[PDB]
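Asker: Pasting a structure here, questions to come.
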DNA sequence: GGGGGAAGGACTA
DNA sequence: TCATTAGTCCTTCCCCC
Ligand SMILES: Nc1ncnc2c1ncn2[C@H]1CC[C@@H](COP(=O)(O)OP(=O)(O)O)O1
Ligand SMILES: [Ca+2]
Ligand SMILES: [Mg+2]
């Protein structure tokens, strides 16, 4: 198999630069303003001029401003980025029928039936990068390899505005030399448990007793890492179908007062229903982020679709369960709908 | 023993 | 007054066959 992965560069910030070219070359920070206080919220993404200085996805907006007080700070306009993304995803459909849209700015294309080798794969990558630049003036990074994982790693290595092929020989080299924390699916918690076992490279999972690996990181992650290390990882590119749709908002102030929480919960339901657009969910979950930042949730599955009115009444009973079973104050509240008919 | 659900846990972008 | 938003797959605990 030959997989070609496309990863749009610093996407939300790049879209803002396309819509306002005077922003080019300047640090641009796209933020999720929570409304609690002046600049409360976090950075969704920043362009590379901003990242060079440490301003990146995830940090508090107030911290970003301490580092780059004069950067351009813009509020996230998700619908705009989603419309631009949808147009780019339609351009990709022309290069393969087998495409897995992984997120708003990533797609995997199985081009095995389209090219004969990596030289042709690389040329198709350039064609794709050019097509997207021509139509939308958006740069992207292409990663190419024998499976999804390494195609993604190739993109991580080459972004931004790059293209890279990780051939069979390099895959073998990476299995020996790539820091295992850089393998997709291995976050800080798993990376720490692996460091602690002396596992710093994929190759190392082949010499540890399987049960010892599994006991520390779980059966699925152990089998995953071992299959990559044996160069036997096989996961097909498959059309993705959304399995859940939801909305979670931040409250002005923390609370565990039902009447004070309701308006936020109801606004989350209204927005979620708008997003469902014709999809009819059989399940609803109320999700709360507590003051200390833990996530708590309660849900219910019905034998039939949930009308908006049933969503309103059931969300209140589920929120009560959360309040009745957890004594902490709530910071963010929302709903998630799933099990579509 | 293990299918299936609810809720938490990690991780991703 | 640091700490968003959204979605996916896995683990754990429990009921149940
Ligand atoms: N921490 C985050 N919170 C919210 N959105 C995020 C976060 N991290 C990434 N994203 C979203 C926003 C832009 C979209 C793609 O990200 P971007 O292209 O900037 O990532 P990268 O440069 O790593 O490719 O993913
Ligand atoms: Ca990207
Ligand atoms: Mg990592």
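In the working numbering, the protein residues as written are 84 to 424. Backbone N, C-alpha and C fix where the C-beta goes; we use that ideal spot for every residue, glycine too.
Can you check whether the CB of residue 406 is closer than 8 Å to the CB of residue 308?
Answerer: Stepping through the first chain from its first residue, residue 308 is reached at position 225. Stepping through the first chain from its first residue, residue 406 is reached at position 323. Taking 8 Å as the Cβ cut-off, residue 308 and residue 406 do not qualify as a contacting pair.
Asker: Would you mind stating whether residue 205 and residue 246 have Cβ atoms separated by less than 8 Å?
Answerer: In the first chain, the residue the question calls residue 205 occupies position 122. In the first chain, the residue the question calls residue 246 occupies position 163. Going by C-beta atoms, residue 205 is nearer than 8 Å to residue 246.
Asker: Would you list the residues whose beta-carbon is nearer than 5 Å to any heavy atom of ligand 1, in the order they occur in the chain?
Answerer: The set, ordered by position in the chain, is 93, 94, 95, 127, 128, 140, 141, 188.
Asker: Where residue 250 and residue 313 are concerned, what is the direct C-alpha to C-alpha distance, given to the nearest angstrom?
Answerer: Here residue 250 refers to the residue found at position 167 of the first chain. Here residue 313 refers to the residue found at position 230 of the first chain. Looking at the two C-alpha atoms, the distance is approximately 15 Å.
Asker: State yes or no: is the C-beta of residue 190 nearer than 7 Å to some heavy atom of ligand 3?
Answerer: In the first chain, the residue the question calls residue 190 occupies position 107. It does not: the Cβ of residue 190 is nowhere closer than 7 Å to a heavy atom of ligand 3.
Asker: Indicate the three-state DSSP secondary structure (helix, strand or coil) for residue 239 in the structure shown.
Answerer: The residue given as residue 239 occupies position 156 in the first chain. The answer is helix: DSSP assigns residue 239 an H, G or I state.
Asker: Report the partner residues of residue 327 according to the DSSP bridge assignment.
Answerer: Mapped onto the first chain, residue 327 falls at position 244. According to DSSP, residue 327 bridges with 421.
Asker: Identify which residue in 331, 358, 143 has its Cα closest to the Cα of residue 345.
Answerer: Walking along the first chain from the start, residue 345 turns up at place 262. Ranking the options by Cα distance to residue 345, first place goes to 331.
Asker: Going by CA-CA distance only, name the one from 219, 119, 266, 143 that's closest to residue 99.
Answerer: By 1-based counting over the first chain, the position of residue 99 is 16. It is 219.
Asker: Tell me whether residue 156 sits in a helix, a strand or coil according to DSSP, three-state version.
Answerer: Position 73 of the first chain, counting from 1, holds the residue named residue 156. Correct three-state label for residue 156: strand.
Asker: Would a C-beta distance cut-off of 8 Å place residue 291 and residue 282 closer than the cut-off?
Answerer: For this step, residue 291 is matched to residue 208 along the first chain. For this step, residue 282 is matched to residue 199 along the first chain. In contact: residue 291 and residue 282 (Cβ atoms closer than 8 Å).
Asker: Can you tell me whether residue 226 is buried or exposed, with buried defined as 16 or more other CB within 10 angstroms of its CB?
Answerer: To locate residue 226, count along the first chain from 1; it is residue 143. Residue 226 should be labelled buried.
Asker: On the DSSP bridge assignment, give the partners of residue 196 in chain order.
Answerer: Residue 196 sits at position 113 when you count from the first residue of the first chain. Paired residue(s): none; residue 196 is not in a bridge.
Asker: Please look up how many angstroms separate the CB atoms of residue 113 and residue 159, rounded, as I've assumed it's under 8 Å.
Answerer: Numbered from its first residue, the first chain carries residue 113 at position 30. Numbered from its first residue, the first chain carries residue 159 at position 76. The Cβ separation is near 5 Å, so the contact holds.
Asker: So, helix, strand or coil for residue 84, using DSSP?
Answerer: Here residue 84 is taken as the residue at index 1 of the first chain, counted from 1. DSSP places residue 84 in coil when its eight states are reduced to three.
Asker: Grouping DSSP H, G and I as helix and E and B as strand, with all else coil, what is residue 228?
Answerer: Here the question's residue 228 lines up with position 145 in the first chain. Looking at residue 228 - three-state DSSP - the assignment turns out to be strand.
Asker: Whose C-beta lies closer than 7 Å to the C-beta of residue 333 among residues of the same chain, with five residues either side of it excluded?
Answerer: Indexing the first chain from 1 puts residue 333 at position 250. Contacts found: 117, 118, 119, 414, 415.
Asker: Buried or exposed for residue 188, going by 16 or more other Cβ atoms inside 10 Å?
Answerer: As a first step, residue 188 must be located in the first chain, where it is residue number 105. With 16 or more Cβ atoms within 10 Å of its Cβ, residue 188 is classed as buried.
Asker: Ignore the nearest five residues each way along the sequence and tell me which others in residue 242's own chain have a CB closer than 8 Å to its CB.
Answerer: Here the question's residue 242 lines up with position 159 in the first chain. Excluding residues within five positions, the ones whose Cβ falls inside 8 Å are 90, 92, 224.
Asker: Residue 190 bridges to which residues according to DSSP?
Answerer: Here residue 190 refers to the residue found at position 107 when the first chain is read from its first residue. BP columns for residue 190 point to 89, 184.
Asker: With a cut-off of 8 Å, do at least 3 Cβ pairs link the segment 177 to 197 to the segment 312 to 328?
Answerer: Yes: the two stretches touch, three or more of their Cβ pairs being nearer than 8 Å.
Asker: Can residue 239 be considered in contact with ligand 2, in the sense that its beta carbon sits closer than 7 Å to one or more heavy atoms?
Answerer: Indexing the first chain from 1 puts residue 239 at position 156. Answer for residue 239: no, Cβ out of range of ligand 2.
Asker: In its own chain, which residues sit with a C-beta less than 8 Å from the C-beta of residue 126, not counting the 5 before and 5 after it?
Answerer: The residue given as residue 126 occupies position 43 in the first chain. Taken in chain order, the residues that qualify are 112, 113, 114, 115, 138, 139, 140, 141, 142, 143, 144, 147.
Asker: Is DSSP giving residue 364 helix, strand or coil here?
Answerer: Along the first chain, read from residue 1 onward, the residue named residue 364 stands at position 281. It is a strand residue.
Asker: Going by the CB atoms, is the gap between residue 420 and residue 359 shorter than 8 Å?
Answerer: Position 276 of the first chain, counted from the start, is the residue given in the question as residue 359. Position 337 of the first chain, counted from the start, is the residue given in the question as residue 420. For residue 359 and residue 420, yes; Cβs fall inside 8 Å.
Asker: Rounded to whole angstroms, what's the CA-CA distance from residue 122 to residue 156? Just pull it up for me.
Answerer: In the first chain, residue 122 corresponds to position 39, counting from 1. In the first chain, residue 156 corresponds to position 73, counting from 1. Distance between the alpha carbons of residue 122 and residue 156: 10 Å.
Asker: Roughly how many angstroms lie between the CA atoms of residue 192 and residue 244, to the nearest whole one?
Answerer: To locate residue 192, count along the first chain from 1; it is residue 109. To locate residue 244, count along the first chain from 1; it is residue 161. Their backbone Cα atoms lie some 18 Å apart in a straight line.
Asker: Which residue comes first and which comes last in the beta strand (DSSP E) that contains residue 105?
Answerer: Counting from one through the first chain, the residue named residue 105 turns up at place 22. Careful: residue 105 lies outside any beta strand (DSSP E) and carries neither H nor E.
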